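S.K.: Dumping the structure here so I can ask a few things about it.
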Amino acid sequence: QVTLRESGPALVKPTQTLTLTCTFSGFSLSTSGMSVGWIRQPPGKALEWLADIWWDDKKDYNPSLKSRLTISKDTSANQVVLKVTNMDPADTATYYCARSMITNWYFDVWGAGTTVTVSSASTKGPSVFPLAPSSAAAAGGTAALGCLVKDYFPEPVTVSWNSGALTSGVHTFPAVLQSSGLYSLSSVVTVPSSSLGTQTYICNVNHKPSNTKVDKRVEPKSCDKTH
Amino acid sequence: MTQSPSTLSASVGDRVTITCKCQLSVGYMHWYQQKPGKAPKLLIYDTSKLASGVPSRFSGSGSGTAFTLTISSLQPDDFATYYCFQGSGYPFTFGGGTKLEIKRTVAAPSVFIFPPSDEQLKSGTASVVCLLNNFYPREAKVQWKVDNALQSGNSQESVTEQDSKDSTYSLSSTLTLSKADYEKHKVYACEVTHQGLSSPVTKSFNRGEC
């Protein structure tokens with residue numbers, strides 16, 4: 001099928017240059033009419049067109065940004081590169097590359113997008129803590145449990161349950177930057193009360209920006225008391 | 001360019017019309033559908049051509065400086081931010097967006113409270129989490145009470161994007177305390193006020209009950 005994939009550093013420092021790479025397949029940039037463009041989206045803002053390059057090497061740029069942008073391709077390597085100079089905090093956004101077919105349609109296929117944060121703060125991997133099920137017994141309908149993923153930078157982190165096998169009822173809350181300057185979030189899942197103590201639940205946390213992965217088992221708590 | 005409305009809440013079955021007005025005459029318009037934090041999906045190209053794999057429910061029209069996107073009878077999975085794109089002339093531009101929310105019946109939140117793990121406490125900090133699960137409308141007030149004393153400025157909330165199936169929301173309120181302060185108190189309660197609740201629900205635990 002036709003696929004596009006963006007890659008680059010997850011964090012860049014103010015004034016530095018960002019180099020993004022769009023690797024694609026399912027098509028060739030040599031095919032007449034083919035084009036690959038770049039679009040970005042700041043957290044909570046609208047899409048903004050950045051630039052594009054045609055099969056014949058014609059390059060087009062957003063006027064507001066032209067000065068800082070350089071687009072190029074390597075058909076041999078099936079990749080288009082966008083270099084953005086003098087990065088500013090306002091450039092923090094998710095960057096997408098997309099395929100277009102001139103005289104036919106714009107952006108019919110997009111990459112998944114890669115998050116870029118412009119900050120002076122350093123990379124930090126997350127710590128993961130269990131949100132143990134308040135339940136313990138079977139007959140009780142449904143129990144909620146989850147994982148607290150805190151003190152990491154920058155975005156993003158991904159959370160799965162039982163290596164992807166558990167997806168129904170999962171809610172992974174949007175990260176929120178704490179006053180400490182580090183992000184934190186919880187991923188919760190509701191399961192059968194009867195499964196507590198018998199079914200193993202594990203949250204798998206991946207923080208690509210720091211190449212950190214953490215699996216955390218979540219189980220009912222053993223109470224400290226006079227037994 | 002100018003897109004409107006910026007936001008809209010409409011019931012299932014409703015007919016919805018989004019408009020993009022450019023100051024400059026436009027040849028043709030493209031429309032995209034973007035699910036939260038996911039990549040945009042092409043809906044309409046050449047002003048009115050339905051893209052492949054797009055419900056006949058959506059349609060585009062317009063000319064000159066004004067173009068429109070229409071969803072004949074909205075439905076749960078239509079929750080998304082819609083964008084028009086003008087690539088027929090310079091400068092190429094996207095619309096500011098129209099975030100579409102789907103209206104549904106009131107649904108009360110299922111509330112859960114989670115005490116800090118012994119593991120986190122070791123690190124010197126205590127996070128107390130309160131979950132309000134699968135509710136609607138989105139407005140909900142959650143107050144933390146430590147030993148009956150109302151907390152202020154020591155918690156953050158995070159709300160989930162509307163569910164594409166049940167048009168519901170989930171929210172987490174997180175209370176952060178130093179291990180020192182956490183051990184200075186007994187009862188931690190999360191009180192939830194919501195339209196679907198005849199009276200505030202309170203979930204709590206006593207430090208040390210387990």
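Here's how to read the names in the structure tokens: chain A, B, ... by the order shown, residue numbers from 1 in each chain, ligand numbers from 1 in the order shown.
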Counting only C-alpha atoms, which residues of chain A fall within 6 Å of chain B, and what is the closest atom pair for each with its distance in Å at one decimal, ordered by chain and rising number, as a tab-separated table?
M.R.:
```
residue	atom	partner	partner_atom	distance
A:46	CA	B:96	CA	5.3
A:105	CA	B:45	CA	5.9
A:108	CA	B:42	CA	5.5
A:112	CA	B:39	CA	5.8
A:131	CA	B:114	CA	5.9
A:173	CA	B:160	CA	5.7
A:223	CA	B:210	CA	4.0
A:224	CA	B:210	CA	5.6
```
S.K.: Can you list, as a PyMOL selection string, every protein, DNA or RNA residue that comes within 12 Å of residue 92 in chain A when you count only C-alpha atoms, leaving out same-chain residues fewer than 6 positions away?
M.R.: chain A and resi 9-14+18+40-45+84+114-119+154-155
S.K.: Can you tell me, as an MDAnalysis selection string, which residues in range 59-128 of chain B count as strand (DSSP E) by DSSP?
M.R.: chainID B and resid 59:63 66:71 80:86 93:94 98:103 110:114 125:128
S.K.: Could you list, as a PyMOL selection string, every residue within 10 Å of range 51-64 of chain A, counting only C-alpha atoms and ignoring same-chain residues fewer than 3 positions away?
M.R.: (chain A and resi 28-39+48+67-75+80-82+97-102) or (chain B and resi 90-93)
S.K.: Excluding residue 170 in chain A and residues on its chain fewer than 4 positions from it, collect all residues at most 7 Å away from it, counting only C-alpha atoms, and give them as a ChimeraX atom specification.
M.R.: /A:187-189
S.K.: If you keep C-alpha atoms, can you produce a file of those selected residues as an mmCIF file, in the first residue's frame?
M.R.:
```cif
data_model
loop_
_atom_site.group_PDB
_atom_site.id
_atom_site.type_symbol
_atom_site.label_atom_id
_atom_site.label_comp_id
_atom_site.auth_asym_id
_atom_site.auth_seq_id
_atom_site.Cartn_x
_atom_site.Cartn_y
_atom_site.Cartn_z
ATOM 1 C CA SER A 187 -3.799 5.086 31.469
ATOM 2 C CA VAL A 188 -6.700 3.261 32.998
ATOM 3 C CA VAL A 189 -8.697 0.203 32.004
#
```
S.K.: Report the residues of chain A whose backbone DSSP state falls under helix (DSSP H, G or I), written as a PDB file with N, CA, C and O atoms, in the first residue's frame.
M.R.:
```
ATOM      1  N   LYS A  66       9.433  30.535   4.241  1.00  0.00           N
ATOM      2  CA  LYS A  66      10.431  30.252   3.198  1.00  0.00           C
ATOM      3  C   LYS A  66      11.905  30.371   3.596  1.00  0.00           C
ATOM      4  O   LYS A  66      12.693  29.449   3.336  1.00  0.00           O
ATOM      5  N   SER A  67      12.243  31.472   4.271  1.00  0.00           N
ATOM      6  CA  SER A  67      13.601  31.760   4.723  1.00  0.00           C
ATOM      7  C   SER A  67      14.262  30.655   5.544  1.00  0.00           C
ATOM      8  O   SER A  67      15.474  30.439   5.463  1.00  0.00           O
ATOM      9  N   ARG A  68      13.460  29.954   6.335  1.00  0.00           N
ATOM     10  CA  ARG A  68      13.978  28.917   7.209  1.00  0.00           C
ATOM     11  C   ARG A  68      13.873  27.496   6.698  1.00  0.00           C
ATOM     12  O   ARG A  68      14.446  26.584   7.282  1.00  0.00           O
ATOM     13  N   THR A  75      15.015  10.163  -4.500  1.00  0.00           N
ATOM     14  CA  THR A  75      14.180   9.109  -5.066  1.00  0.00           C
ATOM     15  C   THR A  75      14.878   7.779  -4.864  1.00  0.00           C
ATOM     16  O   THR A  75      14.252   6.784  -4.505  1.00  0.00           O
ATOM     17  N   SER A  76      16.199   7.804  -5.010  1.00  0.00           N
ATOM     18  CA  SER A  76      17.024   6.619  -4.832  1.00  0.00           C
ATOM     19  C   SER A  76      16.770   6.023  -3.451  1.00  0.00           C
ATOM     20  O   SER A  76      16.746   4.803  -3.293  1.00  0.00           O
ATOM     21  N   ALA A  77      16.547   6.890  -2.465  1.00  0.00           N
ATOM     22  CA  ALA A  77      16.306   6.446  -1.101  1.00  0.00           C
ATOM     23  C   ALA A  77      14.831   6.546  -0.688  1.00  0.00           C
ATOM     24  O   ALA A  77      14.475   6.246   0.453  1.00  0.00           O
ATOM     25  N   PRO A  89      10.457  28.215  20.071  1.00  0.00           N
ATOM     26  CA  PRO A  89       9.469  27.474  20.862  1.00  0.00           C
ATOM     27  C   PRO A  89       8.148  27.333  20.097  1.00  0.00           C
ATOM     28  O   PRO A  89       7.473  26.314  20.181  1.00  0.00           O
ATOM     29  N   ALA A  90       7.797  28.358  19.333  1.00  0.00           N
ATOM     30  CA  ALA A  90       6.579  28.355  18.540  1.00  0.00           C
ATOM     31  C   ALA A  90       6.577  27.311  17.413  1.00  0.00           C
ATOM     32  O   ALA A  90       5.567  27.137  16.724  1.00  0.00           O
ATOM     33  N   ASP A  91       7.714  26.674  17.167  1.00  0.00           N
ATOM     34  CA  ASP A  91       7.776  25.653  16.145  1.00  0.00           C
ATOM     35  C   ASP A  91       7.440  24.290  16.748  1.00  0.00           C
ATOM     36  O   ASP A  91       7.467  23.276  16.033  1.00  0.00           O
ATOM     37  N   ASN A 162      -1.107  -5.408  28.283  1.00  0.00           N
ATOM     38  CA  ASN A 162      -0.896  -6.811  27.928  1.00  0.00           C
ATOM     39  C   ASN A 162      -0.386  -6.958  26.488  1.00  0.00           C
ATOM     40  O   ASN A 162      -0.867  -7.791  25.706  1.00  0.00           O
ATOM     41  N   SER A 163       0.608  -6.129  26.170  1.00  0.00           N
ATOM     42  CA  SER A 163       1.258  -6.083  24.859  1.00  0.00           C
ATOM     43  C   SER A 163       0.288  -5.898  23.694  1.00  0.00           C
ATOM     44  O   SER A 163       0.517  -6.429  22.607  1.00  0.00           O
ATOM     45  N   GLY A 164      -0.783  -5.133  23.926  1.00  0.00           N
ATOM     46  CA  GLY A 164      -1.775  -4.874  22.894  1.00  0.00           C
ATOM     47  C   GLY A 164      -3.007  -5.760  22.953  1.00  0.00           C
ATOM     48  O   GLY A 164      -4.023  -5.457  22.347  1.00  0.00           O
ATOM     49  N   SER A 193     -14.506  -7.664  37.630  1.00  0.00           N
ATOM     50  CA  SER A 193     -14.053  -7.787  39.016  1.00  0.00           C
ATOM     51  C   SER A 193     -13.541  -9.192  39.275  1.00  0.00           C
ATOM     52  O   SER A 193     -12.517  -9.390  39.937  1.00  0.00           O
ATOM     53  N   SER A 194     -14.236 -10.164  38.698  1.00  0.00           N
ATOM     54  CA  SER A 194     -13.881 -11.562  38.863  1.00  0.00           C
ATOM     55  C   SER A 194     -12.476 -11.888  38.386  1.00  0.00           C
ATOM     56  O   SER A 194     -11.879 -12.866  38.829  1.00  0.00           O
ATOM     57  N   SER A 195     -11.931 -11.060  37.504  1.00  0.00           N
ATOM     58  CA  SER A 195     -10.603 -11.322  36.971  1.00  0.00           C
ATOM     59  C   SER A 195      -9.475 -10.905  37.899  1.00  0.00           C
ATOM     60  O   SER A 195      -8.333 -11.310  37.706  1.00  0.00           O
ATOM     61  N   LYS A 208       9.708   6.801  23.253  1.00  0.00           N
ATOM     62  CA  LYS A 208      10.656   6.838  22.154  1.00  0.00           C
ATOM     63  C   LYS A 208      11.665   7.975  22.252  1.00  0.00           C
ATOM     64  O   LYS A 208      12.851   7.769  21.966  1.00  0.00           O
ATOM     65  N   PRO A 209      11.225   9.192  22.659  1.00  0.00           N
ATOM     66  CA  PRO A 209      12.142  10.334  22.786  1.00  0.00           C
ATOM     67  C   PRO A 209      13.407  10.061  23.620  1.00  0.00           C
ATOM     68  O   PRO A 209      14.419  10.723  23.426  1.00  0.00           O
ATOM     69  N   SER A 210      13.356   9.079  24.519  1.00  0.00           N
ATOM     70  CA  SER A 210      14.499   8.708  25.367  1.00  0.00           C
ATOM     71  C   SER A 210      14.870   7.232  25.192  1.00  0.00           C
ATOM     72  O   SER A 210      15.706   6.707  25.936  1.00  0.00           O
TER      73      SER A 210
END
```
S.K.: Can you pull out the residues contacting residue 139 in chain B? Cut-off 12 Å, using only C-alpha atoms, and skip same-chain residues under 5 positions away; I want them as a PyMOL selection string.
M.R.: chain B and resi 106-109+132+159+168-171+192-196
S.K.: Fewer than 4 positions away in the same chain doesn't count, so skip those; otherwise give me all residues within 6 Å of range 22-27 of chain B, counting only C-alpha atoms, as a list in words.
M.R.: residues 1, 64, 65 and 88 of chain B
S.K.: How would the residues just chosen look if you wrote them out with C-alpha atoms as a tab-separated table (two decimals), in the first residue's frame?
M.R.:
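Done, and the output landed in part36.tsv:
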```
chain	number	residue	atom	x	y	z
B	1	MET	CA	-8.63	31.79	5.50
B	64	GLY	CA	-15.47	32.10	-5.83
B	65	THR	CA	-14.65	33.02	-2.25
B	88	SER	CA	-5.53	26.10	-6.13
```
